[PDB]
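Dropping the structure in here first, questions after.
By written order: A, B, C, D, E, F and G. Residues from 1 in each chain.
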């Protein structure tokens, strides 16, 4: 598929300025950084969980394995 | 380029028969072999020459080289 | 029991990402390799030639290869013969073949140290700990004839007897040859011997980091620049109603 | 003078495109290789194992490898030692190394005969002629100390003395061992030794020729068949005028 | 024609694939991996070729030919490193590439997705047979254990492995065919990679919001060319940092010991990018089923397109399955872990559990949470 | 769409290149060589790959690895033969392929013809570096003499050869890079071979009478597929007869002696398919010019399209140039001869004469007899 | 034609003449008298053939199979009583066991201490199984072929 036969579009007016008449990385604070946060706090509660969960299991696992090696002070009290 | 847009053709009528209603290698003598000859005798006189020529030169060359090795009965008659 | 003790972790002079090897120490190490290890441990991939320009002078190294003679190609009559080693010869092998060595070191086989530092987990930290670390086996544990207890070694029984005590050799640069100290240099050597690139590879790493630093922001600004025409764009719907 | 004499051309029993090697003769040859040539000429690529099923019985060949002992891998102490050759060993080398051989055959070096037959123009025709063909040098021509005139050999001076006269050995199959005759078998051997495929490669060539014979005419008839629709076709021009 | 860039039989191919090519405007950064994957390939083939020029494929010269290449061949060390580490950059990318597609339903473009699976299989094989080449303990032992697996295949089993490699065991006759295979496959990857992009180009490129992009596309070049080159550097910098500061960070030391058939190392395990499956392999005891689990762990990808139920393509507006998705990656991540560990108690369990939670999330949860998620939208 | 063979992104590629493809009806049998050339390639790459799986690229194992392949590897002997002899089938065809084009003016399709020249150059290189592999006397000496040629290139000369191969002389470090190069190039041939056919397909296929075929084309498959397969067997039978009855018919015996740097054979000459140029090489004494003559002996092909003057394309109806053409092949045939001979009197002359008659027939006669031939037709 | 060419190429992949050559091994029983353990090379690994005396034999046949980690009746592992044929590789980590040694008068692997009996059965050490017994048969009273 090429250009000129994608869709039946009507009544949309767009306005844009040359790259040289504007700023590249504008308003890092006014709108920039906020949205970055507007995002970290939007998925953290959806992504983090299973990862955190994984972690606990990784730890439990390693710790347990590393315990089942050491001897029990009482396997021989005689 | 595909089929259906090759050329502006008009007024040619062709007739052909299924492969099963005719003979494959027909009239080897009636027309077959003659034309083969009608051809050998049509280019022989155009192709053969330079090849024949080549040959002579090949022979001359090999023969001469093979002669310039042997001694001349008179390089020493003393 | 698959129970083991893991080496600590020393602040080697060459662990910094941008810190190279201390060649003065490398130089030393070479000496302890040559004067003590090289009698059991082969180092097939390094050769005198390498020392040149790194921890030894050309002539200096040339004379150091002479000290050893090597077996060389067929006669005019077809037989093996000896001769003073050149600069191009590789460090001598202590034994003609493995089985030959296994029989000289009571069964065990002293590994070639060419890549040792990277053939064991821990690298220098490991080797060091191992060298300066033998001691009597703990109670209940008994090592067999010919083996020597060393906690740092898996199984705690090494076919290798403590190879390094105070002195044993004398660093000529004028350095207090204490076991601990001597083992350090041997390790920094083993490092170099395993990856001579090291210093080169890092100076390079520096130069790469600075390019990434400079290159990405540029293309970032550039990417941001072309795009702006969209990021800033503004739609509007105007049906004639 | 780049002047040379070229071998004739004998009707070998194996020159036919469809004719294989005469194994009874091959068998013989092996013997002359083994009992006379093998004392100077190496044949590194063939091994007893090959004789099996071609000109010798398994057991027969097994016992033939025994006759020779071979040098084999390190001890339990690491040293080379000898032992009766097995079926998997390759024909013995007469000398430990080239220079060693050059010194036993007055400078010259007896080539390995593995591919000789195809390493020289003429092949068997050549080798044969060479073997049964020494004679006194013609007048004006003088060969130096240690070399032997042979017209068939470029330079006419071979470091090889006539290696084959009547008898010298005794074909056990019960065959009149005349120089000429013995040299024939040695040649048919050299052939096999150079390309063991031979017989297989030809029986195969036969089968291919018959397929080409059958396959092409079919596809020819088939090609001719589809096309006919054109070859036979008929045009006509009919403008309404 | 005027342009003379849209008329020429070859340029027209380029100006239609890297310029003038209609790409959606809202393409996410996750789409930067196809690019990377491709350049990742150019890179391997290069460094590899250049590295193959110093290698010898023979039991007695392999290990040292590589060593020599590093100690003697100018900048040889760097080239080896890049190639080795590159293998990983390659998989990390191919894994993020799969991901993006799995959760933007890119896979609905079946043909372009099926070839992609073939790309993964191929890229694997080439990387398995390629690690043997250096012929170190793991190279050898890895080859011997992993290849011998086919042995489970009943009947026509042993005879396959026994032919696969040399004759009776991973020895010289297999290092050679492996080297050859390694040299060949990458070019086949590139070949197929073309077919991949072809099928792709048939339809547009998918996008994050999963709804028709026709509404407003943008010329690839002016934009995406820049976009990707940015990604190239942003991802290539860590590659090099890793490649130049911790060269062996991801490489088993045991593979610095020339292969020796009389010393099987403890803990024989394939490269990390294979672990997840190595895990699911030793999850089921019956050797046969084990292979099947292994085979299915990857081949399942062919089924993904038939397990899509959402009335929506991507899962941007599908919070439920969204956690399912991350719960899944986490799962693979765990399998990886379990694979690097010994076959002992704390693990053995966590193993077959995770392994089980793998096939369920793909086979049964996803599709189910899928429809259920539809009812909730009144559909 | 209905057909479902003309709609599918991939089949459509095939059904448009081996079926439904418009081919002239009067295509001659000379057109059967493109086909052959292609299958000739598939064959090499196959046998080669399969043969590479038993080779070792190292001064000390090369020669015997090949020998071993023949004595030990099942059907190994056959595979080597086919591959070796195949090299020739390849050139014989590529030479008849050039021919046909030279005299049907097929070359007027510039782009499709220029790539073809690149195909020839490539196919050569791959065959030069490929003959060294067996490492026999000629393999070695041929490599040493032919490579050292660049030495003439002033200034940046010696340094090229001296880098080209290993370090100071054809030794191990070059056998490797040659082996690698040999393995790589064939795939590049196939790559380009695609571009070749692309450009071709742009226009139709030319034909013997050199006049528009549109008047009546025919579906490739029904016809030409059959036609070519016929050619395949008719030409493949001699290949095999030669390959199976006189395996060494075209192979120098001197190359059965393991390479030895202390014995330069007398009469060092490259394979027959190179001779013609080897001749034109030693035609001009000044070493430098010699290379140039050599380089120009092939590169001249790039100029052919600019030396066409006839108002007609083919030279069917051009009896004069027709003899010129055959007088030319005969000429190449002679150069071949001269090349296999020593550099001595009877030859040395015939050599530079033929060599001179080569560049004149292409550079000056042809174009001239061309226009003159036009006047005679009242043009 | 195709059937052939295809299969021919499908063999130039299979093990070659030089390999099949070391495929099978012939051993003379008579050159190995009772009491000693002989080591041979087969498929690149040591092949153990030991002639057993009353002491070695009987002491080995009496212990219970269900008491072993690798339950195996020696007489269900052998063809001839005076003959023991074993793969010279410990089942633990690929090492080589020693002749005339150990707590069980058979073989002992010094790498991690695996002890085997004169029947080749695992008794001491982590070794998961008994030494492996190669596929084989006998050729005569003094001849044996393994493989």
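A few remarks follow.
The criterion applied here is as follows: a contact is a pair of C-beta atoms (placed from the backbone, for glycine too) under 8 Å apart; a residue touches a chain by one contact, two chains touch by 3 or more.
Protein identities per chain, from UniProt: A, B = Cytochrome b-c1 complex subunit 8; C, D = Cytochrome c1, heme protein, mitochondrial; E, F = Cytochrome b.
Subunit D is reached from subunit C by a rotation of 180°, derived from superposing Cα atoms (nearest 5). Spacing of subunit D relative to subunit E (Cytochrome b), judged by their CA centroids, is 52 angstrom. Mean C-alpha positions place subunit B and subunit D at a centre distance of 40 Å.
Distance between chain centres (mean CA atoms), subunit B to subunit E (Cytochrome b): 58 Å. Residue numbers of subunit A whose C-beta contacts span two or more other chains: none are found. Residue positions of subunit C with contacts to 2 or more other chains are 2, 226, 230.
Shared contact sites, meaning residues of subunit G that touch two or more other chains, fall at 13-14, 16-17, 19. Pairs of chains in mutual contact: A-C, A-E, B-D, B-F, C-D, C-E, D-F, D-G, E-F, E-G, F-G. The touching residues of subunit B, counted against subunit F (Cytochrome b) in their complex, run 1-3, 6-7, 9, 46-47, 49-51, 53-54, 57-58, 60-62, 64-65, 68. Of all residues in subunit B, only 11-19, 22-25, 69 touch subunit D in the complex they form. For subunit E (Cytochrome b) in complex with subunit F (Cytochrome b), the touching residues are 9-10, 49, 52-58, 61, 111, 173, 176-177, 180, 183-184, 187, 195, 198-199, 202. Subunit F (Cytochrome b) contributes residues 25, 64, 67, 70-71, 77-78, 218, 222-223, 226-227, 229-230, 233-234, 236-237, 240-241, 244-245, 247-248, 253-254, 256-257, 342 to its touches with subunit D in the complex. Here subunit D touches subunit G in the complex through residues 49, 87-88, 211, 215, going by the rule given at the top.
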